[PDB]
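Student: Just the structure for this:
(one chain, ligands or ions: 1)
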Amino acid sequence: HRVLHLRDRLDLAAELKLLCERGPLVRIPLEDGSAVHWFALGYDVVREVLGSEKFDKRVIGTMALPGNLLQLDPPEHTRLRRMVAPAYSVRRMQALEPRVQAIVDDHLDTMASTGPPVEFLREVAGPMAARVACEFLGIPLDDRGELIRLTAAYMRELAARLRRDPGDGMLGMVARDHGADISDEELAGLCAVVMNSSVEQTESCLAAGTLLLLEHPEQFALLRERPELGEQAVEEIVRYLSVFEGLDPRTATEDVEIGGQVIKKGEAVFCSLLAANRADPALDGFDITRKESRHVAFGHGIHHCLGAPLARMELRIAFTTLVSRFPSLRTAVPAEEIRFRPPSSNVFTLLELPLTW
Ligand code: HEM
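Tutor: Residues are numbered from 1 along each chain as shown. The protein structure is shown below:
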């Protein structure tokens, strides 16, 4: 379903806009007759689907990893998520905040030292996101360089080690509070999701979000003058970018009414976060002074991003510190020359971001 990933730079491509004109829920019978698919394109309908108990995340023919919450349905999903959820409480993010600020400052220190220009994605955003993830996980300091490199069995041995001798961070918390109830492979899988796909989403928000701010220089400056706008800005940035563009299909376990339409048992629904966040032209222009941003960039319901508290805090700290420390930041090429990754279900990202100051 490539149309769900068609963009014009950061905006929707005309072909996807035309699809969205077909209403918030679009029936897609497959030409070969093999299945009936549905596209959920509107904010309300996406929330209807994602909050419903009448869908599962089955594999459909139209890698399974231990500890990967996104591939579990209740009740195992509920069991595992309950064990790990406390690593993201407000108490946990509050304690982590100054250490994340310091890691952000470390990386802007490196940026300030190497001097301009920099390829911001590879040299700043990536390392920053990976280092914050290590700190959140409580990876032993001696292992962080190697873990980040390998990320680009080891994970299990790392989990086995840091477990039998608990430490700090999410991994230490889970092992200490639920040691017997979680295997080394499951703990490794929890780590892998944080270090791999989560860093991908976060790094892409950091780099493409920086571009977006630079493309709206009045708002770049506004965030420097009014850093209390940071939480609002992050909501508007994750909405506008929609770096996680489309979700894994939800298969109806019984006939179910969605958006006034009957989705039949066994039919698969594809939720477009991109369309839901961007296809309403009323409130689409980028504006960090919006006090409340309407979006589903982190999903909704039982699979709502477990990392959203960390992501929101890390992005707020990063964007606010960046605009403060580099008031003269600009793209080192015209924005129209920036390359974006071609249509894919992979994370939406730019390919490089040359910046100067
Ligand atoms: C801007 C960054 C991020 C975005 C846009 C994002 C987006 C999402 C979305 C849309 C989902 C739900 C997928 C679905 O329902 O099919 C999700 C799930 C998840 N996210 Fe994130 N994510 C981000 C960062 C993070 C981070 C930093 C972490 C961990 C530290 C994380 C961990 C997870 C996990 C573990 C799940 C699965 C939860 C479950 O299935 O119960 N994510 N994410």
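
Student: Could you use CA atoms for every contact and neighbour count after this?
Tutor: Will do.

Student: from what I can see residue 347 touches residue 200, true?
Tutor: Yes. In terms of CA atoms under 8 Å, residue 347 counts as a neighbour of residue 200; the distance is 6.9 Å.

Student: Looking at these two, which one has more neighbours?
Tutor: Between residue 347 and residue 200, residue 200 has the larger neighbour count (other CA atoms under 10 Å), namely 23 against 20.

Student: hmm, who's touching the one helix or strand the more buried one maps to?
Tutor: Assigned by DSSP states H and E, residue 200 belongs to helix 199-214. Residues outside helix 199-214 that contact it (CA atoms under 8 Å, 6 or more residues apart in numbering): 120-121, 125-126, 128-130, 133, 219-220, 237-238, 241, 243-244, 311, 315, 318-319, 329-331, 335, 347-350, 353.

Student: Repeat that for stretch 270-285.
Tutor: 4-5, 11-12, 17, 20, 37-43, 46, 49, 239-240, 242-250, 294-297, 299.

Student: That one: how far from the chain's middle?
Tutor: Here stretch 270-285 is found 16 Å from its chain centre; the criterion is CA atoms, centre = their mean, to the nearest Å.

Student: ok, for residue 135, nearest residue in space, not its chain neighbours?
Tutor: Excluding its sequence neighbours, the residue lying closest to residue 135 (CA to CA, 6 or more residues apart in numbering) is residue 169, at 6.9 Å.

Student: let me redo that: residue 185
Tutor: residue 156 (5.5 Å).

Student: neighbours around the one you found, how many?
Tutor: 18.

Student: That one belongs to a helix?
Tutor: Yes. Under DSSP: H, G, I helix; E, B strand; the rest coil, residue 156 sits within a helix.

Student: how much space is there between it and residue 50?
Tutor: According to CA to CA, to the nearest Å, residue 156 stands 32 Å off from residue 50.

Student: quick one: the residue positioned nearest the centre of the chain from residue 48, how far?
Tutor: Centroid check for the chain by CA atoms, centre = their mean gives residue 201 as the closest residue, at 4.0 Å. Distance, residue 201 to residue 48, using CA to CA: 24 Å.

Student: near the ligand, which residues of the protein show up?
Tutor: 69-70, 194, 198, 201-202, 205, 243-244, 247-248, 297-299, 302-308, 310-311 (CA under 6 Å from any ligand atom).

Student: Please indicate which of these are buried?
Tutor: 69-70, 194, 198, 201-202, 205, 243-244, 247-248, 297-299, 302-303, 306, 310-311 (16 or more other CA atoms under 10 Å).

Student: List the buried residues for stretch 31-41?
Tutor: By 16+ other CA under 10 Å, the buried positions in stretch 31-41 come out as 36-41.

Student: Farthest pair within these?
Tutor: Within these, 36 and 41 form the most distant pair, 16.2 Å apart (CA to CA).

Student: Just give the number of residues close to the closest residue to residue 174 other than its chain neighbours.
Tutor: Nearest in space to residue 174, with sequence neighbours left out and distances taken as CA to CA, 6+ apart, is residue 84 at 6.2 Å. Residue 84 is flanked by 18 other residues according to other CA under 10 Å.

Student: Residue 84 touches residue 176, doesn't it?
Tutor: No. Using CA under 8 Å, residue 84 is not in contact with residue 176; the gap is 11.4 Å.

Student: in what helix or strand does residue 317 lie?
Tutor: Judged by DSSP H and E, residue 317 forms part of helix 308-325.

Student: other SSEs contacting that helix?
Tutor: Packing partners of helix 308-325 (3 or more CA pairs under 8 Å, 6 or more residues apart in numbering; DSSP states H and E): helix 90-114, helix 199-214, helix 217-225, helix 230-241.
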